[PDB]
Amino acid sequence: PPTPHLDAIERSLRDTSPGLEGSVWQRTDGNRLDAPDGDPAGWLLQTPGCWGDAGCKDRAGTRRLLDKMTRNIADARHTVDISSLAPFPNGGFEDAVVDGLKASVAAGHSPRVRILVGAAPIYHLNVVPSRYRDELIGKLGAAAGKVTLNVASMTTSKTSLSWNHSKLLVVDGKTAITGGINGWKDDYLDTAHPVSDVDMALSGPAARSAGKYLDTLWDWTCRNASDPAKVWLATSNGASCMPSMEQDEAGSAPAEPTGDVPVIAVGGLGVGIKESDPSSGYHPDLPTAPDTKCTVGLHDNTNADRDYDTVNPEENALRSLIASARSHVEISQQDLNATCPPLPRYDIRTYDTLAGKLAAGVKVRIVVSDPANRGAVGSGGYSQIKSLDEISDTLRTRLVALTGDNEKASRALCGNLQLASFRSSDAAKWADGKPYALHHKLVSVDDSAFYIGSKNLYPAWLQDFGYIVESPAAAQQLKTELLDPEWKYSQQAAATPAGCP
């Protein structure tokens, strides 16, 4: 069955980073979207999943998420590989890990466990790796002597603002859960104003791809533990740091197919792990478009650095996913624009690809976190814009640059764009008066191909990871479960860009 969206994306990754095929990106067949029996859309792990209700009484999404995480871990025989953005998983996120690990030990296993979080240079960790190690050992009680732990927090570049941001849970290199969800109880669980977010669950060869990606990060992390400014590392009971846990677990038993879903696994190494793919022939025309609102102080890796692309194929994967849309594109993000300075405010090539689609009559929908959510990351900050015009004005600019004339630019912008801030009910905010925070990193195209993972469309130079799936049947579920309901409530917060009918 054909895959015209994946083929275009694959063409662009082999051109961008051929040397990273098999570790930072990889196409595979034979995957399964891992739904529980009698819950066919249950691969889609949305949270809170309480559409239509400003009081959010029944969080069926959250419940399904925590359950799936517990069960995947409960099935572990050898390896459990976790990555996130610091702080370390707490609350129910942490209980899911501890309970799943106790179940695994009770079935007679001795699992190896790696937990990796990235930390911003400015971010003071309350619970450091050794304390988090000891906490887990304590909750594990007697199970503990059977579990080998590597726990690490890491920053790859203080100067270039790079650290881990991927959110992965890989068990035995065969199941994988990823998406936008950090394991932060106050934002997601214990609150009357829960963050809305989505992960997906999968099994199959694409989970081994995720393991390879985590191995790459752990190779760097184990080596750089000689620099405590970069890596804090705690292991259990004399255990070595385990750079290649996933490779060691895969041995060579070519991954078994579990279904019929084709997938591209695609991540990025941010700054400070590898400078380029020396193997790569990539040589793009970079755009040249100053921003009127903001002039960046830092060297701009998003807009103006060839080598950065070659070690961050996810950037091109996303640009060319959007470029492959023939009919419509839906984007659901925290932000399309970044805080400038220190970062560039937007990705020029992404805005151009969008402008190009607008011009060609492709329907584009952008839904972002409500600007009311502006604030510090990790402390309720879920917006980086003051107004939605910051998105529609940039698009106008690029449309004008692209079409030459300001009238055509207006046809395309007013006829083909839906732009709105997110809501999940008829209320404008949560029943407790807090605005809806959106943390999706989702892009869907033509009701066939979609991306879920941890990579934001706004400029950021982090280690990230995600999956692009091509399957009409899956897209249809995504449409029904998430995108249609999102639009039903968010259309009431639709923006009319300046200059439109």
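So that there is no doubt, residue numbering starts at 1 and follows the sequence shown.
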Got a sec? Mean C-alpha B-factor, which is higher, 434 to 442 or 29 to 37? 29 to 37
Of 261 to 269 and 241 to 249, which one has the bigger average CA B-factor? 241 to 249
Candidate residues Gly118, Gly173, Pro194, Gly380, the one whose C-alpha B factor the record puts highest: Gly380
Of the choices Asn312, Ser236, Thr221, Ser209, which one's C-alpha carries the largest B-factor in the record? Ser236
Would you please rank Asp285 by its C-alpha temperature factor against the other modelled residues of its chain and give the third it falls in: lowest, middle or highest? highest
Going by the CA temperature factor in the PDB record, which third of the chain does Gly453 belong to: lowest, middle or highest? lowest
Considering every modelled residue of the chain and its Cα B-factor in the PDB entry, is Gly42 in the lowest, middle or highest third? lowest
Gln418, C-alpha B-factor rank within chain (lowest, middle or highest third): middle
In terms of its chain's C-alpha B-factors, the third that includes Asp199 is the lowest
